[PDB]
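Visitor: Could you have a look at this structure, given as structure tokens, before my questions?
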Amino acid sequence: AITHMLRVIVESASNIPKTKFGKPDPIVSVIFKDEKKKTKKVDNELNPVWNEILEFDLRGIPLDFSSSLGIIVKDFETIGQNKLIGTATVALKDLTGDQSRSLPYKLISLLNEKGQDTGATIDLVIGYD
Ligand SMILES: [Sr+2]
Ligand SMILES: [Sr+2]
């Protein structure tokens, strides 16, 4: 039996909210089935670009109707815990089946801790290897 991987390209984000002083330093956490991989941070940027590629071992478990990807965008803090900008959960059901394909996932709204749209978005490309 062959190994399959979920491929996530973190492309960019837009309209990250301004901070009172200085500028936010965005960094994205990508979580698939509790495995977390991060991007690099981008310094002092409201519209960051990464073009970073992450791949997760599916470990023989196929994608199904309920499969999803978690995204958390935070503002890097050198001292202690980074600051939340927003989250998204992305439905992966369009990748189900045995056909390798990639799809764009554009203008994904990032939601704050109250679940409100922040006006910021992230763009991904996600594929089934
Ligand atoms: Sr900064
Ligand atoms: Sr910061």
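If you're wondering about the labels, chains in the structure tokens are A, B, ... by order shown, residues count from 1 in each chain, ligands from 1 in order shown.
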As a quick test: using only C-alpha atoms and all ligand atoms, which residues lie no more than 6 Å away from ligand 1? Give them as a VMD selection string.

Guide: chain A and resid 22 to 25 43 to 44

Visitor: Let me see the file: selected residues, N, CA and C atoms, as a compact mmCIF listing (two decimals), in the first residue's frame.

Guide:
# COMPACT_ATOMS: atom_id res chain seq x y z
N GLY A 22 3.42 50.30 16.28
CA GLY A 22 4.15 49.44 15.38
C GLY A 22 3.22 48.66 14.44
N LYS A 23 3.65 47.45 14.12
CA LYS A 23 2.93 46.58 13.21
C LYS A 23 3.02 45.14 13.64
N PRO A 24 1.98 44.39 13.31
CA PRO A 24 1.97 42.96 13.58
C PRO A 24 2.98 42.17 12.73
N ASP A 25 3.34 41.02 13.25
CA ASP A 25 4.39 40.13 12.74
C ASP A 25 3.76 38.74 12.49
N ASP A 43 7.93 39.95 9.38
CA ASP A 43 7.98 41.15 10.25
C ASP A 43 7.20 42.34 9.71
N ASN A 44 6.46 42.98 10.62
CA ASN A 44 5.83 44.29 10.43
C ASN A 44 5.09 44.42 9.12

Visitor: Within 12 Å of ligand 2, which residues show up when you count only C-alpha atoms and all ligand atoms? List them as a list in words, please.

Guide: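 Every residue with an atom at most 12 Å from ligand 2 is listed here: residues 18, 19, 20, 21, 22, 23, 24, 25, 26, 27, 41, 42, 43, 44, 45, 46, 74, 75, 76, 77, 78, 79, 80, 81, 82, 83, 84 and 85 of chain A.
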
Visitor: Residues of region 44-79 of chain A that have any atom at most 10 Å from an atom of region 95-106 of chain A: could you tabulate them with the shortest-distance atom pair and the distance in Å to one decimal, using only C-alpha atoms, ordered by chain and increasing number, as CSV?

Guide:
residue,atom,partner,partner_atom,distance
A:62,CA,A:96,CA,7.7
A:63,CA,A:96,CA,5.4
A:64,CA,A:96,CA,5.8
A:65,CA,A:96,CA,7.4
A:66,CA,A:96,CA,9.9
A:67,CA,A:96,CA,8.8

Visitor: For residue 117 (chain A), which of A:30, A:16, A:2, A:8 is the closest residue, counting only C-alpha atoms?

Guide: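 Looking at the shortest contact to residue 117 (chain A), the residue is A:16.
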
Visitor: Of the candidates A:59, A:86, A:68, A:35, which one gets nearest to residue 122 (chain A) if we count only C-alpha atoms?

Guide: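 Comparing A:59, A:86, A:68, A:35 against residue 122 (chain A), the winner is A:86.
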
Visitor: Would you kindly return, as number ranges by chain, each protein, DNA or RNA residue with an atom no farther than 9 Å from any atom of residue 89 (chain A), considering only C-alpha atoms and excluding same-chain residues fewer than 6 positions away?

Guide: A: 68-72, 108

Visitor: With N, CA and C atoms retained, write the just-selected residues as a PDB file, in the first residue's frame.

Guide:
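This went into out.pdb:
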ATOM      1  N   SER A  68     -10.972  18.138   7.807  1.00  0.00           N
ATOM      2  CA  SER A  68     -10.799  19.572   7.898  1.00  0.00           C
ATOM      3  C   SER A  68      -9.385  19.940   8.301  1.00  0.00           C
ATOM      4  N   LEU A  69      -9.051  21.209   8.039  1.00  0.00           N
ATOM      5  CA  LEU A  69      -7.737  21.783   8.318  1.00  0.00           C
ATOM      6  C   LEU A  69      -7.950  22.985   9.224  1.00  0.00           C
ATOM      7  N   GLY A  70      -7.126  23.125  10.254  1.00  0.00           N
ATOM      8  CA  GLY A  70      -7.218  24.272  11.157  1.00  0.00           C
ATOM      9  C   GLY A  70      -6.118  25.285  10.790  1.00  0.00           C
ATOM     10  N   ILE A  71      -6.458  26.578  10.843  1.00  0.00           N
ATOM     11  CA  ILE A  71      -5.518  27.650  10.590  1.00  0.00           C
ATOM     12  C   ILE A  71      -5.586  28.619  11.744  1.00  0.00           C
ATOM     13  N   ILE A  72      -4.448  28.998  12.274  1.00  0.00           N
ATOM     14  CA  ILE A  72      -4.385  30.028  13.292  1.00  0.00           C
ATOM     15  C   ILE A  72      -3.313  31.014  12.839  1.00  0.00           C
ATOM     16  N   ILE A 108     -10.173  33.128   2.653  1.00  0.00           N
ATOM     17  CA  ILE A 108     -10.685  32.475   3.852  1.00  0.00           C
ATOM     18  C   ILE A 108     -10.697  33.479   4.973  1.00  0.00           C
TER      19      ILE A 108
END

Visitor: Kindly give the distance, in Å, that separates CA of residue 39 (chain A) and CA of residue 110 (chain A), rounded to a single decimal.

Guide: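 Distance between the two atoms: 16.4 Å.
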
Visitor: One decimal, Å: what's the distance from CA of residue 5 (chain A) over to CA of residue 107 (chain A), could you say?

Guide: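 About the pair CA of residue 5 (chain A) and CA of residue 107 (chain A): they are 23.9 Å apart.
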
Visitor: Grab the CA of residue 93 (chain A) to CA of residue 109 (chain A) distance for me, in Å with one decimal place.

Guide: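 These atoms are spaced 18.3 Å apart.
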
Visitor: Give me, as a ChimeraX atom specification, all polymer residues having an atom no more than 7 Å from residue 47 (chain A), counting only C-alpha atoms and skipping those fewer than 6 positions away in the same chain.

Guide: /A:13-16

Visitor: Find the residue from A:34, A:1, A:48, A:87 that sits nearest to residue 114 (chain A); use only C-alpha atoms when measuring.

Guide: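 Under the stated criterion, the closest residue is A:87.
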
Visitor: Run DSSP on the backbone of this structure and report the residues of chain A it assigns to strand (DSSP E), as a VMD selection string.

Guide: chain A and resid 5 to 14 26 to 32 35 to 38 49 to 57 68 to 75 83 to 91 101 to 111 117 to 128

Visitor: Could those residues be written to a file, using C-alpha atoms, as a PDB file, in the first residue's frame?

Guide:
ATOM      1  CA  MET A   5       0.222  13.197   2.068  1.00  0.00           C
ATOM      2  CA  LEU A   6      -1.851  16.283   2.481  1.00  0.00           C
ATOM      3  CA  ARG A   7      -0.037  19.204   0.820  1.00  0.00           C
ATOM      4  CA  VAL A   8      -0.703  22.735   2.125  1.00  0.00           C
ATOM      5  CA  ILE A   9       0.718  25.825   0.467  1.00  0.00           C
ATOM      6  CA  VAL A  10       0.335  28.887   2.672  1.00  0.00           C
ATOM      7  CA  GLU A  11       0.311  31.625   0.053  1.00  0.00           C
ATOM      8  CA  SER A  12      -0.516  35.010   1.667  1.00  0.00           C
ATOM      9  CA  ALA A  13      -2.819  36.895   3.938  1.00  0.00           C
ATOM     10  CA  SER A  14      -4.450  40.297   3.560  1.00  0.00           C
ATOM     11  CA  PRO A  26       2.237  37.372  11.247  1.00  0.00           C
ATOM     12  CA  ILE A  27       2.868  33.662  11.640  1.00  0.00           C
ATOM     13  CA  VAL A  28       0.524  30.869  10.614  1.00  0.00           C
ATOM     14  CA  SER A  29      -0.059  27.565  12.395  1.00  0.00           C
ATOM     15  CA  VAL A  30      -1.509  24.773  10.194  1.00  0.00           C
ATOM     16  CA  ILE A  31      -3.111  21.940  12.109  1.00  0.00           C
ATOM     17  CA  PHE A  32      -4.191  18.638  10.643  1.00  0.00           C
ATOM     18  CA  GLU A  35      -0.249  17.736  14.066  1.00  0.00           C
ATOM     19  CA  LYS A  36       0.831  21.377  13.962  1.00  0.00           C
ATOM     20  CA  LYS A  37       3.316  22.940  11.516  1.00  0.00           C
ATOM     21  CA  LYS A  38       4.165  26.604  11.403  1.00  0.00           C
ATOM     22  CA  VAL A  49       3.323  36.647   1.767  1.00  0.00           C
ATOM     23  CA  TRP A  50       4.875  33.235   2.587  1.00  0.00           C
ATOM     24  CA  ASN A  51       4.613  30.841  -0.419  1.00  0.00           C
ATOM     25  CA  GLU A  52       5.605  28.078   2.045  1.00  0.00           C
ATOM     26  CA  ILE A  53       4.744  24.413   1.511  1.00  0.00           C
ATOM     27  CA  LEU A  54       3.872  21.958   4.314  1.00  0.00           C
ATOM     28  CA  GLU A  55       3.074  18.237   3.917  1.00  0.00           C
ATOM     29  CA  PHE A  56       1.254  15.988   6.403  1.00  0.00           C
ATOM     30  CA  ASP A  57       1.457  12.163   6.434  1.00  0.00           C
ATOM     31  CA  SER A  68     -10.799  19.572   7.898  1.00  0.00           C
ATOM     32  CA  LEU A  69      -7.737  21.783   8.318  1.00  0.00           C
ATOM     33  CA  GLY A  70      -7.218  24.272  11.157  1.00  0.00           C
ATOM     34  CA  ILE A  71      -5.518  27.650  10.590  1.00  0.00           C
ATOM     35  CA  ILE A  72      -4.385  30.028  13.292  1.00  0.00           C
ATOM     36  CA  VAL A  73      -2.698  33.356  12.387  1.00  0.00           C
ATOM     37  CA  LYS A  74      -0.892  35.050  15.235  1.00  0.00           C
ATOM     38  CA  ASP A  75       1.269  38.158  15.751  1.00  0.00           C
ATOM     39  CA  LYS A  83      -1.016  37.133  20.001  1.00  0.00           C
ATOM     40  CA  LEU A  84      -4.085  35.803  18.261  1.00  0.00           C
ATOM     41  CA  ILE A  85      -5.110  37.473  15.020  1.00  0.00           C
ATOM     42  CA  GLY A  86      -7.627  34.953  13.855  1.00  0.00           C
ATOM     43  CA  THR A  87      -8.584  31.390  13.092  1.00  0.00           C
ATOM     44  CA  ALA A  88     -10.242  29.420  10.310  1.00  0.00           C
ATOM     45  CA  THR A  89     -11.378  25.851   9.845  1.00  0.00           C
ATOM     46  CA  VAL A  90     -11.324  24.696   6.218  1.00  0.00           C
ATOM     47  CA  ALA A  91     -13.495  21.818   4.904  1.00  0.00           C
ATOM     48  CA  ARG A 101      -5.686  17.004  -7.176  1.00  0.00           C
ATOM     49  CA  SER A 102      -4.951  20.468  -5.783  1.00  0.00           C
ATOM     50  CA  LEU A 103      -7.447  23.225  -5.258  1.00  0.00           C
ATOM     51  CA  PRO A 104      -7.211  26.914  -4.432  1.00  0.00           C
ATOM     52  CA  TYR A 105      -8.784  28.081  -1.161  1.00  0.00           C
ATOM     53  CA  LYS A 106      -8.895  31.884  -1.442  1.00  0.00           C
ATOM     54  CA  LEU A 107     -10.226  34.633   0.779  1.00  0.00           C
ATOM     55  CA  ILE A 108     -10.685  32.475   3.852  1.00  0.00           C
ATOM     56  CA  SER A 109     -12.015  34.731   6.604  1.00  0.00           C
ATOM     57  CA  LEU A 110     -10.007  34.822   9.827  1.00  0.00           C
ATOM     58  CA  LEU A 111     -12.187  34.918  12.913  1.00  0.00           C
ATOM     59  CA  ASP A 117     -14.826  38.337  11.086  1.00  0.00           C
ATOM     60  CA  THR A 118     -11.723  40.503  11.507  1.00  0.00           C
ATOM     61  CA  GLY A 119     -11.731  41.644   7.886  1.00  0.00           C
ATOM     62  CA  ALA A 120      -8.484  39.682   7.381  1.00  0.00           C
ATOM     63  CA  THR A 121      -8.190  36.743   5.002  1.00  0.00           C
ATOM     64  CA  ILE A 122      -5.775  33.992   4.140  1.00  0.00           C
ATOM     65  CA  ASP A 123      -5.127  32.253   0.767  1.00  0.00           C
ATOM     66  CA  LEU A 124      -4.106  28.584   0.560  1.00  0.00           C
ATOM     67  CA  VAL A 125      -3.594  25.861  -1.961  1.00  0.00           C
ATOM     68  CA  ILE A 126      -4.459  22.411  -0.585  1.00  0.00           C
ATOM     69  CA  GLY A 127      -3.902  19.117  -2.295  1.00  0.00           C
ATOM     70  CA  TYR A 128      -4.191  15.336  -1.851  1.00  0.00           C
TER      71      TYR A 128
END
